[PDB]
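Peer 1: Counting with the entry's author numbering, you get residues 41 to 52, 58 to 229 for the letters of the sequence shown.
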Amino acid sequence: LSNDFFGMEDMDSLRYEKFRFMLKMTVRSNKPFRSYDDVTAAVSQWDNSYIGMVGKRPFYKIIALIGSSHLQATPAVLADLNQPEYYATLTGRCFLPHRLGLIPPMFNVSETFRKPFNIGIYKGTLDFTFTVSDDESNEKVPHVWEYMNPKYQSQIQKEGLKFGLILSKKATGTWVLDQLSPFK
Numbered sequence: 041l042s043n044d045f046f047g048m049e050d051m052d058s059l060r061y062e063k064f065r066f067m068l069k070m071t072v073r074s075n076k077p078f079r080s081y082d083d084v085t086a087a088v089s090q091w092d093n094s095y096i097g098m099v100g101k102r103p104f105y106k107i108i109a110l111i112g113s114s115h116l117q118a119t120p121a122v123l124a125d126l127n128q129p130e131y132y133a134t135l136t137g138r139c140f141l142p143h144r145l146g147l148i149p150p151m152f153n154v155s156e157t158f159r160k161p162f163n164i165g166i167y168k169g170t171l172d173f174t175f176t177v178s179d180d181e182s183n184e185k186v187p188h189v190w191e192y193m194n195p196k197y198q199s200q201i202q203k204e205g206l207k208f209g210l211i212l213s214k215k216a217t218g219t220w221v222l223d224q225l226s227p228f229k
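Given below as structure tokens:
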């Protein structure tokens, strides 16, 4: 029931970077996550080690955060309460406001990350496929934050820090990726 556990709804200077993305994210855990901050802790472990495209890493972190908010438990947890699995898929186009400087062009090639996670009470695996590329079309786009599940939109700044994202909203009108943490 959505009341006790996360993801059970289904069961029941400054630059703007314009990009498009696709994500497919699977999380497999030993026990069902009780809350969204348990989920983000697990998901955030995806790049504890990283050999993907250097220039894409910030965008991957961002869409991993966004995508996490959409994770939903599959029936795996009803077959076996001890084999919880969660899935999310999302595609979009948007602006990322950031202070990271010039971003080299990004091409339409996917990268897959398959990694363990261990956050104490919870442990398991992550299987993420991300695609991020420049969006050259003339269609108008939202800010990336508009793709966050509204249920969890209020938790953006705090949960972002788990991903190494230092986000602020001081007099800009929108969340800005001010910097990436050297510690994560």
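In this text, a Cβ means the ideal position worked out from N, Cα and C, and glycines have one as well.
Kindly list the residues whose CB is nearer than 6 Å to the CB of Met67, restricted to its own chain and excluding five residues on each side of it in sequence; keep chain order.
Peer 2: The residue given as residue 67 occupies position 22 in the sequence shown. So the qualifying residues of the chain are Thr136 and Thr176.
Peer 1: Would you call the CB atoms of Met70 and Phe104 closer than 9 Å?
Peer 2: Walking along the sequence shown from the start, residue 70 turns up at place 25. Walking along the sequence shown from the start, residue 104 turns up at place 59. No, the Cβ-Cβ distance between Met70 and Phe104 is not below 9 Å.
Peer 1: Starting from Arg144 and walking both ways along the beta strand (DSSP E), at which residues does that stretch end?
Peer 2: If you number the sequence shown from 1, residue 144 lands on position 99. Premise fails: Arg144 is in no beta strand (DSSP E) and is neither H nor E.
Peer 1: Can you tell me whether DSSP reads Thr157 as helix, strand or coil?
Peer 2: As a first step, residue 157 must be located in the sequence shown, where it is residue number 112. Of the three classes helix, strand and coil, the one that applies to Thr157 here is strand, per DSSP.
Peer 1: Taking the alpha helix (DSSP H) that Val84 belongs to, which residues open and close that run?
Peer 2: Along the sequence shown, read from residue 1 onward, the residue named residue 84 stands at position 39. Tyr81 to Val88 is the span of the alpha helix (DSSP H), which, as asked, contains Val84.
Peer 1: Please check the pair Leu222 and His143, which I expect to be a contact at CB under 8 Å, by giving their CB distance rounded to whole angstroms.
Peer 2: Numbered from 1 along the sequence shown, position 177 holds the residue referred to as residue 222. Numbered from 1 along the sequence shown, position 98 holds the residue referred to as residue 143. That belief holds up - the Cβ atoms of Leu222 and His143 are roughly 4 Å apart, short of 8 Å.
Peer 1: Using only alpha-carbon positions, find the residue among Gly112, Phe173 and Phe228 that is nearest to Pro195.
Peer 2: In the sequence shown, residue 195 corresponds to position 150, counting from 1. Out of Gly112, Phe173 and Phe228, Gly112 has the C-alpha closest to the C-alpha of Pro195.
Peer 1: Report buried or exposed for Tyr95, applying the criterion of at least 16 other Cβ atoms within 10 angstroms of its Cβ.
Peer 2: Stepping through the sequence shown from its first residue, residue 95 is reached at position 50. Result: exposed.
Peer 1: Going by CA-CA distance only, name the one from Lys185, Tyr192 and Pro161 that's closest to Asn75.
Peer 2: As a first step, residue 75 is located in the sequence shown; it is residue number 30 there, counting from the start. The option with the nearest alpha carbon to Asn75 is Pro161.
Peer 1: Just checking my contact of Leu141 with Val88 at CB under 8 Å: how many whole Å lie between their CB atoms?
Peer 2: Numbered from 1 along the sequence shown, position 96 holds the residue referred to as residue 141. Numbered from 1 along the sequence shown, position 43 holds the residue referred to as residue 88. Actually they are not in contact, since the Cβ atoms of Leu141 and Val88 sit about 18 Å apart, beyond 8 Å.
Peer 1: Can you tell me whether DSSP reads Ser42 as helix, strand or coil?
Peer 2: Position 2 of the sequence shown, counting from 1, holds the residue named residue 42. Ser42: coil per DSSP, three-state reduction.
Peer 1: If you follow the alpha helix (DSSP H) that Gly112 is part of, which residue opens it and which one closes it?
Peer 2: Sequence index remark: in the sequence shown, residue 112 carries index 67 (1-based). First-last of the alpha helix (DSSP H) with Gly112: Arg102 to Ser113.
Peer 1: Check whether the Cβ atoms of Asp180 and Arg73 sit closer than 9 Å, and answer yes or no.
Peer 2: As a working mapping, residue 180 is identified with position 135 in the sequence shown. As a working mapping, residue 73 is identified with position 28 in the sequence shown. In this structure, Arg73 does not lie closer than 9 Å to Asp180 by Cβ.
Peer 1: Looking at the secondary structure, which residues open and close the beta strand (DSSP E) in which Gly97 lies?
Peer 2: Position 52 of the sequence shown, counted from the first residue, corresponds to residue 97. First-last for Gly97: undefined, no H or E at that position.
Peer 1: Taking the continuous beta strand (DSSP E) assigned at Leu225, which residues delimit it?
Peer 2: The residue you call residue 225 lines up with position 180 of the sequence shown. It spans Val221 to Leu225 - the beta strand (DSSP E) in which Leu225 sits, taken as one unbroken run.
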